[PDB]
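As structure tokens, the structure follows; a few thoughts come after it.
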Amino acid sequence: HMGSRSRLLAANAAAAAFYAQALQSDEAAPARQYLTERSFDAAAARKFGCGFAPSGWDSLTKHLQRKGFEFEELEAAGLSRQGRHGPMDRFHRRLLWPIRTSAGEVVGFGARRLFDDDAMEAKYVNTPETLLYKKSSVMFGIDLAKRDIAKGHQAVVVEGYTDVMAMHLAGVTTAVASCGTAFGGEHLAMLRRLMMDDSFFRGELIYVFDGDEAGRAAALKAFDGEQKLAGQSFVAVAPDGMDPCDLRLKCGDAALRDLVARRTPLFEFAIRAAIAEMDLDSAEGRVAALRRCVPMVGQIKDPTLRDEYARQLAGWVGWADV
Amino acid sequence: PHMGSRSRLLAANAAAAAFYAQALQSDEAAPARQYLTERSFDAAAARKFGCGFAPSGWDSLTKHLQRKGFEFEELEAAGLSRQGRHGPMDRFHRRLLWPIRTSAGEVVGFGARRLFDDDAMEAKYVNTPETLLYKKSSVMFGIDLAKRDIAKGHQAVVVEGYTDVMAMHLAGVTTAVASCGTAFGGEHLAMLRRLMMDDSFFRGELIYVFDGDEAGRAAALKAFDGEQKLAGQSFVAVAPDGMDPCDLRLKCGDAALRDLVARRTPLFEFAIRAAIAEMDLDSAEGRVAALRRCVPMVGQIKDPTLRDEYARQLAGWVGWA
DNA sequence: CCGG
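Going down the list, the protein sequences come from chains B and A.
If you want the authors' numbering, it's the 1-based position in the first sequence plus 109.
If you want the authors' numbering, it's the 1-based position in the second sequence plus 108.
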């Protein structure tokens with residue numbers, strides 16, 4: 110019993126319920142306000158398991174001790190930690206999102222700052238590295254998205270928790286996000302796995318970015334590795350400044366479906382973005398353009414995909430009929 | 109053993125290929141050189157694929173290989189020689205040979221084309237029979253060359269003939285392969301599938317290239333059969349006016365072949381539109397009959413996503429219904 | 001007094 114995977118999963122399960130309840134308190138008011146300020150209702154908050162870490166030292170810790178859970182289990186789960194005058198909660202006075210497995214089991218939490226006087230000055234904090242929670246492989250929204258990415262042959266990587274919420278609410282049920290860290294290799298590996306039918310990868314990685322420099326960072330990065338999924342990788346970028354949560358407030362739910370639908374392939378975006386910062390209106394800047402982007406084509410390892418982008422260069426700079 | 113082993117048999121075929129290659133430069137090998145040069149294959153080409161000529165006579169190669177030390181038991185086992193009444197004799201006579209190899213380049217047999225008018229063998233093409241090395245249902249011409257580019261490019265191009273593979277490779281299509289003697293089956297298909305995975309998780313696009321249309325029909329018919337997993341990744345391309353890839357190169361040059369490949373169609377799309385091509389789209393009552401023939405076909409697609417993408421376009425292909 |  111003591112400290113098993115199923116025991117820790119039962120603790121995090123108990124903790125999520127407690128935090129979910131705590132969202133309906135008086136001191137939780139600004140946590141609810143954060144949600145409703147960006148158009149998330151009481152239905153939405155319940156759908157994603159949203160909760161409030163209350164004030165005090167050991168609200169949760171005692172709650173789980175009083176329903177059987179020994180402290181040594183709770184520290185290994187990442188819920189509590191050793192304080193000077195005994196045990197205490199990890200999370201305090203913050204809006205929480207339960208981070209689940211694809212099976213739907215809670216392994217940890219993402220917590221946002223609400224109050225100015227909160228000692229923890231970081232904007233977001235997470236459950237630390239545990240047996241269950243692993244930063245580099247865990248994803249928010251994967252429980253809900255699992256079915257529709259396998260069916261849809263499509264994943265939509267977004268930055269934040271509220272960005273996953275806004276996408277899923279707008280119909281884009283394939284949206285997910287990396288929790289407290291950069292999107293990575295074993296995140297990719299996990300999503301790739303679900304999109305397999307037979308022994309064949311099949312689908313679309315759609316990376317949604319906010320701010321165009323953040324998109325251009327992914328662009329210049331696209332040519333780096335073995336370019337394993339590059340052919341099936343795509344970029345969409347919201348109207349300058351915005352993110353999927355904001356886009357849904359200003360321009361409604363349809364604007365997200367279109368943003369996702371009108372994604373650009375990763376290499377195309379990278380190349381054409383470099384052409385965008387050039388003068389295509391003379392013979393000099395036409396040559397300067399090819400002089401920088403033909404090398405980018407040269408780096409493409411798939412000869413099939415390389416030849417496709419070679420064909421479209423003279424079109425994009427201006428030297429031929431598009 | 110020492111005599112009649114696998115590596116010994118490969119040595120016999122390797123020798124045989126070297127012998128037949130040399131023989132292509134002979135005087136009586138004029139029409140065999142003519143066959144190649146007539147369809148735009150120069151001396152550089154002929155040496156790449158290892159083209160050769162089987163000489164006139166009875167036991168030309170066999171004697172040459174017996175001088176090299178090979179026993180008759182080995183040469184018969186290799187499918188190079190055979191027992192005639194007054195002694196051993198060659199399998200091939202007075203014919204342009206191409207050696208057929210493994211993916212690692214090891215010669216396992218030959219494909220021979222009829223040249224002369226007074227050839228004893230009536231067949232247009234002859235092959236090495238079933239040996240320890242030569243299995244007709246898994247053997248493919250050009251695989252040694254295409255091996256790499258099929259894996260990296262994630263693309264194979266299946267053509268009908270030897271000259272079609274040659275034409276494709278000279279034209280820059282370095283993913284072209286061909287069946288030898290029999291039609292393209294599952295053991296060929298299942299090998300290229302294995303290959304295009306790239307020792308990994310990759311789906312590659314398999315591109316069939318047909319001369320006429322009965323083949324395109326036969327492939328269109330077979331598109332919907334049983335579990336149809338690799339049918340989704342299969343593609344078809346057909347040359348205009350019923351020409352093979354070799355003659356498409358002769359007349360319309362190397363640019364046609366590369367773009368024939370580029371302008372290939374999905375197998376399902378080809379099959380559906382082939383059926384639409386046999387109906388009167390002029391009247392509005394014809395438009396409706398066409399829609400009615402095709403949603404049964406679209407219905408037979410087992411993948412939901414493909415079906416939806418094919419049911420989408422069905423308006424456009426009917427001429428707006 | 002070959003083989004196909």
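A virtual CB, placed ideally from N, CA and C, is assigned to each residue, including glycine.
A contact between stretches requires three or more CB pairs, one per stretch, nearer than 8 Å, and the stretch 228 to 238 of chain A meets this requirement with the stretch 190 to 201 of chain A.
For A:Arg-209, the enclosing beta strand (DSSP E) begins and ends at 203 to 209. Only those residues of the stretch 261 to 279 of chain A whose C-beta falls short of 8 Å from the nearest C-beta of chain B are listed: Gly-261, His-262, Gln-263. Any Cβ of chain A closer than 9 Å to the Cβ of B:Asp-307 would place that residue at the interface, and such an atom is present.
When the beta-carbon positions are compared, B:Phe-218 and B:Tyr-128 come within less than 9 Å of each other. Just measuring C-alpha positions, the residue of B:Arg-141, B:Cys-159, B:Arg-209, B:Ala-123 sitting nearest B:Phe-178 is B:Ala-123. In this structure, B:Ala-364 keeps its C-beta atom at 9 Å or more from the C-beta atom of B:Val-317. Residue nearest to B:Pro-374 within the set B:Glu-184, B:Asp-362, B:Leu-414 is B:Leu-414 (criterion: CA-CA distance). DSSP assignment within the stretch 152 to 229 of chain B yields the following whole beta strand (DSSP E) runs of 3 residues or more, N-terminal first: 160 to 162, 189 to 192, 195 to 198, 203 to 209, 215 to 222. Contact fails between the stretch 304 to 319 of chain A and the stretch 181 to 188 of chain A, because fewer than three Cβ pairs, one in each stretch, are under 8 Å apart. Counting of Cβ neighbours within 10 angstroms places A:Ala-228 among the exposed residues, the total staying below 16.
Contacts with chain B at 9 Å (Cβ-Cβ) do not include A:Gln-336.
Contact annotation: the stretch 334 to 345 of chain B does not touch the stretch 244 to 261 of chain B, with fewer than three C-beta pairs closer than 8 Å. The three-state reading of DSSP puts B:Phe-127 in helix, counting H, G and I together.
Within the same chain, and ignoring the five residues on either side of A:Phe-224 in sequence, the residues whose Cβ sits closer than 8 Å to its Cβ are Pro-139, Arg-202. From the listed residues B:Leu-303, B:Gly-250, B:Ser-246, the smallest Cα separation to B:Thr-290 is found for B:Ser-246.
In this chain, the alpha helix (DSSP H) harbouring B:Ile-251 covers 251 to 261.
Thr-413: these are the residues of the stretch 410 to 421 of chain A whose beta carbon lies less than 7 Å from some beta carbon of chain B, given in chain order.
Interface criterion met: the Cβ of B:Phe-310 is under 9 Å from a Cβ in chain A. In the DSSP assignment, no residue is bridged to B:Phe-332.
For the options A:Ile-251, A:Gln-133, A:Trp-166, the alpha carbon positioned closest to that of A:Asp-150 is the one of A:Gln-133.
Boundaries of the beta strand (DSSP E) around B:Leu-314: 314 to 318.
Contact between B:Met-387 and B:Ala-398 holds: their C-beta atoms lie close to 5 Å from each other, under 8 Å.
In the structure shown, A:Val-247 falls within a coil segment according to DSSP collapsed to helix, strand and coil. Residue A:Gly-158 holds the alpha-carbon nearest to the alpha-carbon of A:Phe-249 among A:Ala-162, A:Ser-148, A:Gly-158. Annotated as distal: A:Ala-259 and A:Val-285, with beta-carbon spacing of 9 Å or more. The C-beta distance from A:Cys-402 to A:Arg-147 rounds to 40 Å, too long to fall under 8 Å, and the pair is not in contact. Closest in C-alpha terms to A:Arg-193, from the list A:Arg-209, A:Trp-166, A:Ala-125, comes A:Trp-166.
Bridge partners of B:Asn-235 according to DSSP: B:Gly-219. B:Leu-300 is a Cβ neighbour of B:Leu-314, given a cutoff of 9 Å.
Within its own chain, the residues whose Cβ lies closer than 7 Å to the Cβ of B:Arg-116, once the five positions on either side in sequence are excluded, are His-110, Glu-182, listed in chain order.
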